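Below you will find one chain, with nothing else, as structure tokens; this is the form deposited without the ligand, and questions on how it binds or moves follow later.
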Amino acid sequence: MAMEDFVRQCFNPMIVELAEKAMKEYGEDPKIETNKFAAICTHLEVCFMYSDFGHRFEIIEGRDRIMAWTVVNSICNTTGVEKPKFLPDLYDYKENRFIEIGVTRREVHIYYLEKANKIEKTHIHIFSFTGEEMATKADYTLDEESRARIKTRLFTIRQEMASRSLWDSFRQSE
């Protein structure tokens, strides 16, 4: 599968390995669920990029669950902020709030609603592969250059997938 090779070529081994671990520990073969694999990589990367543009952020995503909950818990006890129900993606020490990051192949408002419906003090920031984003109260957290870098990376993933005729498949599997 070119999709599997593409992921190998375009994300760095840590992201790939982290994504593989996540899949394989819950019994999902990344060689069969190749679109899932690519999405998990994409989303991890966005999450890592977003933290890197700060340390302003605590990365919650990509840790094993024990660690993620340890981190979340340690944040709740030292700040007073409510413990989210699910693991969010980041903690913002400047705005003192968790962030859930969304990456979508569909309309950003659509994905934003799904996340907001699923979530309750958590800040939501959705990115698309089109350069669109949407964020709680139109507060985008990052500065424009960091956001522009995320969107550039995401648009380049799309185009790479499209160079390899994987984009149509990838787009319809969200």
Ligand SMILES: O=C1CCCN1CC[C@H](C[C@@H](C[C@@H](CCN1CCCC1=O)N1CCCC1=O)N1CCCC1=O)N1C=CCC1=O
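A residue's number is simply how far along the shown sequence it sits, counting from 1. The term rigid core refers to the maximal set of C-alpha atoms that superpose within 1.5 Å between the two forms.
What comes next is about the form solved in complex with the ligand, which does not appear here.
In the bound PDB entry, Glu61 approaches the ligand with a heavy atom inside 4.5 Å. Of the heavy atoms in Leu154, none are within 4.5 Å of the ligand in the bound PDB entry.
At a distance threshold of 4.5 angstroms between non-hydrogen atoms, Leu166 is out of contact with the ligand in the bound PDB entry. Heavy atoms of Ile150 never reach within 4.5 Å of the ligand in the bound PDB entry, leaving it off the interface. Scanning 12-28 for heavy atoms within 4.5 Å of the ligand in the bound PDB entry gives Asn12, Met14, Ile15, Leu18 in sequence order.
Shown in the overlay between the shown form and the other one, fitted on the rigid core, is a CA shift at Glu17 smaller than 2 Å.
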